[PDB]
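K.L.:
Chains as they are written, first to last, in my numbering: chain A, 27 to 283; chain B, 27 to 283.
By construction, the Cβ of each residue, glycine as well, lies at the ideal position given by its N, Cα and C atoms.
Quick one: structure below, then a few questions.
There are 2 protein chains.
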Amino acid sequence: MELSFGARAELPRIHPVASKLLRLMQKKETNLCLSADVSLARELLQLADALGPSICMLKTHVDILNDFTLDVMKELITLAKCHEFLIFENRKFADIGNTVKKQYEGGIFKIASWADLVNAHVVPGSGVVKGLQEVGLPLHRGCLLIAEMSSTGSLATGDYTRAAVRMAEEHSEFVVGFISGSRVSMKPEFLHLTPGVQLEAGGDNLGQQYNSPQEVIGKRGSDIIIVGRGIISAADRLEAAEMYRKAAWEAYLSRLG
Amino acid sequence: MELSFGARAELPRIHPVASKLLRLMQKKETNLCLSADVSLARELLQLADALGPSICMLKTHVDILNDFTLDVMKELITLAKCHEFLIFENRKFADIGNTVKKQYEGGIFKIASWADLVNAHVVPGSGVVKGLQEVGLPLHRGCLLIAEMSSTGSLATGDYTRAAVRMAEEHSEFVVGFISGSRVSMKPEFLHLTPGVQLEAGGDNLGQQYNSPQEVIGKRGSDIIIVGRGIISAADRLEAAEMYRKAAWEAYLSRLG
Ligand SMILES: *C(=N)c1cc(=O)[nH]c(=O)n1[C@@H]1O[C@H](COP(=O)(O)O)[C@@H](O)[C@H]1O
Ligand SMILES: *C(=N)c1cc(=O)[nH]c(=O)n1[C@@H]1O[C@H](COP(=O)(O)O)[C@@H](O)[C@H]1O
């Protein structure tokens with residue numbers, strides 16, 4: 027029997043980051059994550075402020091920001107706290123444990139110092155998680171494992187997806203869920219976040235494929251939709267974000283019955 | 027049916043960046059790539075200068091460099107030109123095409139502006155290559171596809187590896203080879219670069235596994251060894267690099283007959 031986001035937030039085995047997210051999802055009636063791959067910090071902050079009320083999460087793309095500074099991230103965190111959303115950095119970590127540890131904690135970006143959530147590919151084996159968690163656990167962070175991908179020709183299928191689920195299960199102190207196209211775990215303590223979402227059928231010219239909020243939340247049993255271009259390329263970004271929120275939310279309610 | 031690096035540089039279907047690399051390998055008697063995952067620009071540049079004569083390539087880790095600037099990369103280019111080595115950025119690109127295009131071209135790092143070579147994971151499908159290609163093709167860059175990984179529990183096996191080989195074949199205007207543990211393609215135009223190499227048996231505490239240069243180059247038929255810690259952790263990094271160079275080069279010569 028399907029549990030509400032609010033109830034899931036209270037599960038004995040829930041990770042604190044997942045609980046915080048689930049609570050604000052229920053409070054705000056939003057299971058939308060905005061993906062903002064903008065080139066200017068000012069753009070990022072403007073979008074975060076304007077759309078913050080409509081979202082549960084903001085997916086940043088630090089590697090694309092032309093004018094990144096740590097002061098920008100300080101201000102973003104202030105917005106996140108005010109509007110109540112989490113920060114999820116997009117970078118798809120995908121290296122041996124020793125290297126990913128450094129990529130997560132260090133450099134100019136210091137991702138672990140401001141991202142509530144990160145995502146990682148499972149292709150390197152479990153060392154990728156072990157490396158990340160050595161940084162993430164002290165900093166009270168969570169991780170999502172990429173169990174499936176939305177793009178044409180994805181190899182994240184079959185036994186690969188099953189491996190991701192096992193890895194998650196075995197690292198539940200740090201791993202809080204999946205990037206996936208559907209529900210892949212039966213355990214309610216895990217979140218499912220699904221990119222490749224737009225209201226209309228289609229794709230892009232570089233292998234992205236889209237499904238609707240109703241399809242992925244309602245039929246496929248995911249929790250949260252990740253939407254970038256469907257919102258950002260709209261004339262009215264506020265209205266677009268509202269449209270996606272209402273879609274995703276109603277699909278969730280329906281499933282919940 | 028084995029050809030020298032110098033002869034391979036002349037193959038009809040060879041990419042210009044590959045030919046450049048194969049010529050300097052032959053000239054300098056080196057098939058060693060130094061992986062320099064240091065936190066400081068001064069260390070990176072000192073290593074590049076001192077070890078430059080001993081290496082065919084320097085693998086940078088821009089995501090870990092605390093004091094990155096584009097001026098640092100300008101100086102590195104100068105050293106690469108002087109000592110004759112290629113610059114290979116480590117970042118293991120692993121996203122949809124539209125996103126990796128921006129990650130490669132833009133942000134603070136502007137990777138495509140200074141890296142001869144990049145590597146990508148094949149998990150997203152061929153859009154990952156198409157996105158990178160749209161940026162790197164006119165710059166005379168090349169890309170390596172991650173066909174196998176050196177770490178424990180790697181999922182880059184079997185059909186996944188085969189998919190990487192097919193993807194390379196289908197994008198040979200831009201894909202110049204593989205990150206792999208062994209020869210994966212029979213086509214001599216493709217380069218095989220193998221990480222997880224040390225003179226001594228072992229591993230690390232985060233899933234890395236090591237094999238020797240003699241094993242990797244001599245028995246497994248790879249072209250280039252990628253060595254980080256085996257060199258970087260030595261007291262005398264130059265002497266270490268020389269040891270690795272001689273091992274890899276003589277293993278190559280021996281297979282050549
Ligand atoms: C990573 N979150 C990811 C994984 C995936 O399989 N597919 C995918 O699109 N993403 C990322 O999500 C957004 C989607 O943006 P659009 O709605 O604009 O297509 C983008 O950040 C991808 O990198
Ligand atoms: C990526 N080049 C890669 C792929 C892989 O399967 N294994 C692997 O180690 N690498 C990277 O190569 C260096 C090896 O460094 P050490 O010699 O210090 O182990 C490493 O930093 C990985 O990121």
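In terms of residue numbering, what span does the alpha helix (DSSP H) encompassing residue 68 of chain A cover?
P.N.:
Element bounds for residue 68 of chain A: 67-77.
K.L.:
Near residue 127 of chain B, what residues of its chain come up, given a Cβ to Cβ distance below 6 Å and the 5 sequence neighbours on each side ignored?
P.N.:
157, 160, 161.
K.L.:
Between residue 57 of chain B and residue 166 of chain B, what straight-line distance do the alpha-carbon atoms span, to the nearest angstrom?
P.N.:
Straight-line Cα distance between these residues: approximately 21 Å.
K.L.:
Report the rounded CA-to-CA distance for residue 268 of chain A versus residue 257 of chain A, giving the unit in angstroms.
P.N.:
Taking the straight line from one Cα to the other gives about 9 Å.
K.L.:
Can you check whether the C-beta of residue 104 of chain A is within less than 8 Å of a C-beta belonging to chain B?
P.N.:
Not an interface residue.
K.L.:
Should residue 251 of chain A and residue 220 of chain A be called a contact, given that it needs their Cβ atoms to be closer than 8 Å?
P.N.:
Yes, these two residues count as a Cβ contact at 8 Å.
K.L.:
At a Cβ cut of 7 Å, what residues of the segment 220-243 of chain B count as close to chain A, listed as they run along the chain?
P.N.:
Residues passing the 7 Å Cβ filter: 230, 232, 233, 234.
K.L.:
Residue 45 of chain A by DSSP, collapsed to three states: which one?
P.N.:
Residue state, collapsed to three classes: helix.
K.L.:
Inspect the beta-carbon positions of residue 217 of chain B and residue 28 of chain B and report whether they are closer than 8 Å.
P.N.:
Not in contact: residue 217 of chain B and residue 28 of chain B (Cβ atoms no closer than 8 Å).
K.L.:
Where does residue 281 of chain A fall in DSSP's three states?
P.N.:
Helix, per DSSP.
K.L.:
Would you say residue 243 of chain B and residue 278 of chain B are within 8 Å of each other, going by their C-beta atoms?
P.N.:
Closer than 8 Å, so yes.
K.L.:
Nearest-angstrom Cα distance between residue 45 of chain A and residue 36 of chain A?
P.N.:
One C-alpha to the other measures close to 7 Å.
K.L.:
Pick from B/103, B/82, B/105, B/63: whose alpha carbon is nearest that of residue 92 of chain B?
P.N.:
Taking only the C-alpha atoms, the option nearest residue 92 of chain B is B/63.
K.L.:
Quick test of your reading: residue 41 of chain B and residue 191 of chain B, contact by CB under 8 Å. State the CB separation rounded to the nearest angstrom.
P.N.:
Actually they are not in contact, since the Cβ atoms of residue 41 of chain B and residue 191 of chain B sit about 16 Å apart, beyond 8 Å.
K.L.:
I need the boundaries of the alpha helix (DSSP H) containing residue 86 of chain B, first residue and last residue.
P.N.:
Unbroken run through residue 86 of chain B is the beta strand (DSSP E), 83-86; no alpha helix (DSSP H).
K.L.:
According to DSSP, is residue 272 of chain B helix, strand or coil?
P.N.:
Helix.
K.L.:
Show which residues of chain B have a CB atom less than 7 Å away from the CB atom of residue 120 of chain A.
P.N.:
Near residue 120 of chain A (Cβ distances below 7 Å), the residues of chain B are 118, 120, 147.
K.L.:
By the 10 Å Cβ neighbour count, where 16 or more other Cβ atoms means buried, how is residue 108 of chain B classified, buried or exposed?
P.N.:
That one is exposed.
K.L.:
Roughly how many angstroms separate the alpha carbons of residue 71 of chain A and residue 170 of chain B, rounded to a whole number?
P.N.:
Whole-angstrom Cα-Cα distance: 36 Å.
K.L.:
Could you tell me which residues DSSP pairs with residue 220 of chain B in its beta bridges?
P.N.:
DSSP output for residue 220 of chain B lists B/251 as bridge partner(s).
K.L.:
Please determine whether the Cβ atom of residue 150 of chain A lies at a distance below 7 Å from any heavy atom of ligand 1.
P.N.:
Incorrect: residue 150 of chain A has no Cβ contact closer than 7 Å to ligand 1.
K.L.:
How would you list, in chain order, the residues of chain A whose beta-carbon sits under 8 Å from the beta-carbon of residue 180 of chain B?
P.N.:
Per Cβ cutoff of 8 Å: 149, 150, 151.
K.L.:
Compute the distance between the beta-carbons of residue 150 of chain A and residue 185 of chain A, then report whether it is under 8 Å.
P.N.:
Contact: no.
K.L.:
Identify every residue that forms a DSSP beta bridge with residue 169 of chain B.
P.N.:
Looking at the DSSP assignment, residue 169 of chain B forms a beta bridge with B/144, B/201.
K.L.:
Output needed for residue 266 of chain B: all residues of its chain with C-beta closer than 6 Å, excluding positions within five of it in sequence on either side, in chain order.
P.N.:
Once the five neighbours on either side are set aside, the close Cβ partners of residue 266 of chain B are 257, 260.
K.L.:
Looking at chain C, is there any beta carbon in it that lies within less than 8 Å of the beta carbon of residue 125 of chain B?
P.N.:
In the displayed structure, chain C is absent; the protein chains listed are A and B.
K.L.:
Give the interface partners of residue 94 of chain A over in chain B, defined as CB-CB distance under 9 Å, in chain order.
P.N.:
Simply 133, 134.
K.L.:
Go through its chain and collect everything with a Cβ distance to residue 178 of chain A's Cβ below 7 Å, but skip five positions before and after it.
P.N.:
Within the same chain, residue 178 of chain A has close Cβ partners 233, 235.
K.L.:
Select from the segment 44-61 of chain B all residues with a C-beta closer than 7 Å to any C-beta belonging to chain A, and list them in chain order.
P.N.:
Listed in sequence order: no entries.
K.L.:
Taking 8 Å as the threshold (beta carbon to beta carbon), is residue 85 of chain A in contact with chain B?
P.N.:
Chain B, which has no Cβ nearer than 8 Å to the Cβ of residue 85 of chain A, makes this no.
K.L.:
Less than 8 Å between C-beta atoms, sequence neighbours within five positions excluded: which residues of the same chain meet that for residue 86 of chain A?
P.N.:
Only 62, 70, 102, 113, 114, 115, 116, 141 meet the Cβ criterion.
K.L.:
DSSP three-state call for residue 129 of chain B: helix, strand or coil?
P.N.:
In this structure, residue 129 of chain B counts as helix in the three-state DSSP scheme.
K.L.:
Enumerate in chain order the residues of its own chain whose CB-to-CB distance from residue 30 of chain B is below 7 Å, with the five nearest sequence positions on each side excluded.
P.N.:
52, 282.
K.L.:
Among B/264, B/273, B/198, B/228, which residue has its Cα nearest to the Cα of residue 39 of chain B?
P.N.:
Residue B/198 is the option with its Cα nearest to residue 39 of chain B.
K.L.:
Closest to residue 222 of chain A by C-alpha separation, out of A/81, A/60, A/275, A/50, would be which residue?
P.N.:
Residue A/60 is the option with its Cα nearest to residue 222 of chain A.
K.L.:
Going by CA-CA distance only, name the one from A/67, A/43, A/81 that's closest to residue 254 of chain A.
P.N.:
Out of A/67, A/43, A/81, A/81 has the C-alpha closest to the C-alpha of residue 254 of chain A.
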